[PDB]
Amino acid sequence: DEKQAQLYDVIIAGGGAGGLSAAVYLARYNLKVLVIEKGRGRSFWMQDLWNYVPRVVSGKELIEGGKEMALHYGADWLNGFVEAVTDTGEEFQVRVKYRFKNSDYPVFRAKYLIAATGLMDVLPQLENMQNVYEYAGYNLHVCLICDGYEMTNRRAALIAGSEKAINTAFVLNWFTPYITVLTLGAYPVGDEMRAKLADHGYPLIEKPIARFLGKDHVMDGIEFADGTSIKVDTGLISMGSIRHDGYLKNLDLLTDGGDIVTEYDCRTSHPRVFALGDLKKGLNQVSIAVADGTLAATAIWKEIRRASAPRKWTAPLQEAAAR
């Protein structure tokens, strides 16, 4: 209730890897920052962050730990869903959906905006999605950079959401030649791509998936709608991404293929709004998002600091004055 009338220096939409880094930096610059996080984001479904020094942690540990740091240094935190943003010319107003049912819709104010809401991987749609979630993020992966190492020389299914996504096989084959391409029967494959799959020895299965097969979160097969199946040691879902960043529509941000175009310090085309991580154009890795938070937080602090009056040691000046 005070949070609402308080003018923040910065509001961060999204409290994942990029937003939490930005929040710790801004708090340690002694700036007023509010983080708004809806919960259950992409990094949360990451079982193992394999490649972020110095320690392998779960995505849950990453988020809880970053949140604890941000709060310890003075950031404010709001469990809510960002709905809309307006730049009044003087400030950003951010409308937030609060509570899941019978919701309030508070509006917070800040001088700067950081968009750190990331993306969500499209998944195959089975009647019982728990069958997918049983394996997704374990040995059924969504990111090749993230898990190609674990796929090395293993029997791999590539689930492609479009004909263009089949091209992922010709990068996956860096790690494993034992690739089967699954379309789920969702789209036609032209003969040209057929010939290329045939040249490389990658079978093409166009049947809908009935079920992922396995035990204790280890997939070992896939059953199709006709009751035939294949044995696999691993898989990669390449079906695109959803961003649900409509809250940015009033800002007329320059985009490229869904990603927000930024400068090196993550500045967007709209003054005083920054874009971090999986939402900006670039590699989608935790390391990248965390570093984006560093650059944005530092850019904002430099702007505010260079516009501020110098803090003088007034005691010596006043005492000499009085004498």
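Numbers follow the displayed sequence, beginning with 1.
Higher mean CA B-factor, judged across 111-119 and 170-178 from the recorded values: 170-178. Once the C-alpha B-factors are averaged per stretch, 185-193 and 133-141 rank with 185-193 first.
Residue set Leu236, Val82, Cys146, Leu213: peak C-alpha B-factor at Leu213 (per PDB entry). Among the modelled residues of its chain, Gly257 has a C-alpha B-factor that falls in the highest third according to the deposited record. Looking at the C-alpha B-factors along this chain, the one for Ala315 belongs to the highest third. In the deposited entry, the Cα temperature factor of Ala75 places it in the lowest third of its chain's modelled residues.
In the deposited entry, the Cα temperature factor of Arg40 sits in the top third of values across the chain's modelled residues. When all modelled residues of the chain are sorted by CA temperature factor, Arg55 is found within the middle third.
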